[PDB]
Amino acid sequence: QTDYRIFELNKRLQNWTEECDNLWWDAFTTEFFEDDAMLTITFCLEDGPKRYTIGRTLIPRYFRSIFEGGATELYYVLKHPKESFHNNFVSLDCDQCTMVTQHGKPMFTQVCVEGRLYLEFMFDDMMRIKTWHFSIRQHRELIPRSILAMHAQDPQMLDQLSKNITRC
């Protein structure tokens, strides 16, 4: 069951703290990705082209970067994914994937990046990701209702709270 694997992946990401060393990202990538894995990210078509394609040595460095932003929380929500079987591997095509990060201590913004995630997994004991393609449609940012109460009467501070803190 592929769906268990992305649950286990979200579960591992819970153990991340500022206190974790760079080699934690390697052990994480070894548990969930193949040694020859490939990872593609296609960014919002409201911007220019933008398209990561990276192999295994850079995958630890990719995930680390998600928490360089101020993100202290990361999980992937898969609504109605299609599992298909083939000779060497299983595909998981999820048209309704949301990448959720929460910024700040305390939380001051949640970022939802919605797109299609396609995974191929090795069909062996380990069930590790051969291929990762996330083509993003859109991103929205949510802020606590409390922050709006606070700055009701501050046109300038409301003008700044209006602005996205990420690009996608």
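All residue numbers refer to positions in the sequence shown, first residue = 1.
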| note | Ranked by mean Cα B-factor in the entry, 55-63 and 39-47, top stretch is 39-47
| query | Of the two stretches 28-36 and 120-128, which shows the higher Cα B-factor on average in the entry? | reply | 120-128
| message | Considering every modelled residue of the chain and its Cα B-factor in the PDB entry, is residue 138 in the lowest, middle or highest third? | response | highest
| message | Ranking every modelled residue in this chain by its Cα temperature factor as given in the entry, which third contains residue 92? | response | middle
| message | Lowest, middle or highest third: which one holds residue 152 when the chain's residues are ordered by CA B-factor from the entry? | response | highest
| Assigned third (lowest, middle, highest) for the C-alpha B factor of residue 14 | lowest
| request: Tell me, lowest, middle or highest third: where does the Cα B factor of residue 168 rank within its chain? | output: highest
